[PDB]
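Only one chain comes next, encoded as structure tokens, the form deposited in one PDB entry.
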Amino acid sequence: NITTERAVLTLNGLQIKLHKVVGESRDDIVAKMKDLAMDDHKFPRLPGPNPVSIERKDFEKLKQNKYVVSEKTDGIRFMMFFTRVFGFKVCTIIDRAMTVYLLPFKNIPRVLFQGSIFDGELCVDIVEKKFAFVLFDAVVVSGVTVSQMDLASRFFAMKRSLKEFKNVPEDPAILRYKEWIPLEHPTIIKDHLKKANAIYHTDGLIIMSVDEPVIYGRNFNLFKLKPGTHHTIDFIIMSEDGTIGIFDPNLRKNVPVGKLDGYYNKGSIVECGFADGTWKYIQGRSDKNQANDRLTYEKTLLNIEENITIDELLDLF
């Protein structure tokens, strides 16, 4: 059988009970995905890109090349993976740390089970108060490697495979498709970004290359933008007086980086925002025991300083 364990994910006030696939069953699915996606990176990872924050330096690049833009859905990143394990057709969703859950839909076409790797976001539809799975892109469709084709081709492949799929009310996530809008259509982007934020929780915008193949991992040419200056970091309290630290993952030592005004419990993780020269407390995170790492800190500082906005960026076009 596939060894399961149950688990519940909470997003936006709503929760989904999923079977987390465990042990050797998890390991087989992962290995299957690694094969299908032809990924020979020695460290386990989803076959899809992780964005970089836009910087002022990239504005040139965007002006020379072709790019699409979309809302940055706030949810959990999942690679959706159709396959067969032990002869059985299995629809998995796998997260960035390579945690597998089954997510079953009644009417998935059997072609999909020849091997389909789609990328997306499990998220909540605000209007409907149900979960949605929003597809960004496809890497392999019905055994056919689509990743080296350009974006429209991949969507053409993905949308073809699902042409006959209909979601039934008892399915756990409504499947939906990211509507990608060309960066040279600002009025079409804004409207799309207005209508999108009626259905979903977003965290800005994603800007993606119209034609490059799929990148697995950090994609220096996939840019995210956070609306305005509202970036945060998690520090660890290194002293009861609020010396905040940031984690150096290769020292595995927390480095003293600032101080907060207040009394704090040493060892706690505080989410802080920058304002007027200092970090300010926003919320304590009882769910974390680790601060963010130096690179996220060094990068977030640059972002705060650059203060790119959605309106600057949308005005460039």
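We call the rigid core whatever largest set of C-alpha positions still superposes within 1.5 Å between the two forms. Note that residue numbering begins at 1 and tracks the sequence as displayed.
Below, we turn to the form deposited in another entry, even though it does not appear here.
- Lining up the core between the shown form and the other one shows that one residue from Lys61, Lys34, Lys66, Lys259 moves its Cα 2 Å or more, and that residue is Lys259.
- Core-superposed comparison between the shown form and the other one: the C-alpha position of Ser268 differs by no less than 2 Å.
- Superposition of the core reveals a Cα shift of 2 Å or more for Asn289 between the shown form and the other one.
- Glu305 shows a C-alpha shift below 2 Å between the shown form and the other one [criterion: core-superposed Cα displacement of 2 Å].
- Relative to this form, the distance between the C-alpha atoms of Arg45 and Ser286 is reduced by at least 3 angstroms in the other form.
- In the other form, the separation between the C-alpha atoms of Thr202 and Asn292 grows by 3 Å or more relative to the displayed form.
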